[PDB]
């Protein structure tokens, strides 16, 4: 986990004999209050507070800009925020860095013409092709006021959350274990996308590596014994749906439990390395693959032979195991690298674990009535989607964590012991269906609680354009029990279920629930706790990824100010024109 910094640049009128001297304290204060707002509100994925760096002085002339640049170059700065209460000399004071985002906050004061600077400097940004965000508060503030108004706070934090996400991805790897899974497009990994858009490397390991490590004892035998004991005490094996001649013996199931535990360990060791392996004499394997995110191909070649990836996938994505409560390791079923990245976006913006799901079924009010006799009401009234992965899901996806008596998913450092216990208590692990997964294993089964606000998210590669992002804010649903059971028993009752209704807006692909499904670009989605659409739109514009589809209110759209120059009326097309022209950060 990197600690990318936000660089705060206090710019000032350069002229002295009184002018500059009298603005110094106010200008330096704006910088310090942004730093405080950020460091006391946001945290890195590891729970540490976000770190900021202020320029070595206020910036009135270019050599002060160069000094700031010098300091930032070596303080691991992933983005800048310029703050000012006054007029400053635009092109002499601006940050020229083309590979990171920039935001300018201009104080809305009258003696304090920060807004004139704001607009002038953003004009330079747009003219010189260096995208920058503009942060202007609705209400004139007194020259003395040091409160950051709420509209300003909101823009600053949104900008900062998205910037930090770009900073956390940069220079990390995606690891593939295996390759293409059952001709799924997202499993045909495109390194140009990772490299150009995300600043990321691609690593790769054939699944044979698992076998090698199991056969030769390349994992921690002490951990294994603690894991086996923990699993027996905490993991409840579920109902075996297998037909008579496919049902495994108690002995063979017990062996498979040992196997999937070692899978989890090896998967995790592959991603992030493990000091213990160096102690055991496997110095090369100890380093890992520097993976901020990864996937397991599984089907068909591995799952035809050996226990499936469900246990490994579930637990990497879950915020605890026998070693205690912890960050998740963002992990893609079927090596769907695009779903992995979709989950990664959500994860880095929220510090919360991520649901991987097949978008399995659209249930219309009509089909529910025919099948169950029940007329849908409330949030479910317009129909809904069955979100269900083929065996694995973050246990946090139960929705068993709670805030104000409402279901949520939490960053790991906020998880209480009773919440973790409730997640386990409400989860089952049915043996794998051996008509699909000959090699065996155990899937994960639970039902996500209703009434949880969530965002479903997907990146798709469009040939000759690149990645495009789709976003659907909505709510999890609680169906009447007999209705849930009917719909479930008829689909895949060995797997975990989330019932999802997207918010409809009457525009675009959100006129009906069917249209949301009909416009979804893959079999998979990434689903996070929270309504994070506006954050995703902001992140997307930083990465020059167009948004093909979202249900976020237009007034929450926050993009660099030069997008505006591509159009104010057809925001979608303006977004494609801007992303098209600017291209990916690292091309």
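Positions refer to the first chain, counted from 1.
For the pair 460-468 and 254-262, the mean B factor over Cα atoms is greater in 254-262. Look at the mean CA B-factor for 74-82 and for 110-118 in the entry; the higher one is 110-118.
Out of 455, 333, 176, 372, it is 372 whose C-alpha atom has the highest B-factor in the PDB entry. Residues shown: 474, 129, 506, 191. Highest C-alpha temperature factor in the entry: 506. When all modelled residues of the chain are sorted by CA temperature factor, residue 28 is found within the highest third. When the CA B factors of the chain's modelled residues are split into thirds, the value for residue 204 lands in the middle one. When the modelled residues of the chain are ordered by their C-alpha B factor, residue 278 lands in the highest third. In this PDB entry, residue 564 carries a Cα temperature factor that places it within the lowest third of its chain's modelled residues.
In this PDB entry, residue 360 carries a Cα temperature factor that places it within the middle third of its chain's modelled residues.
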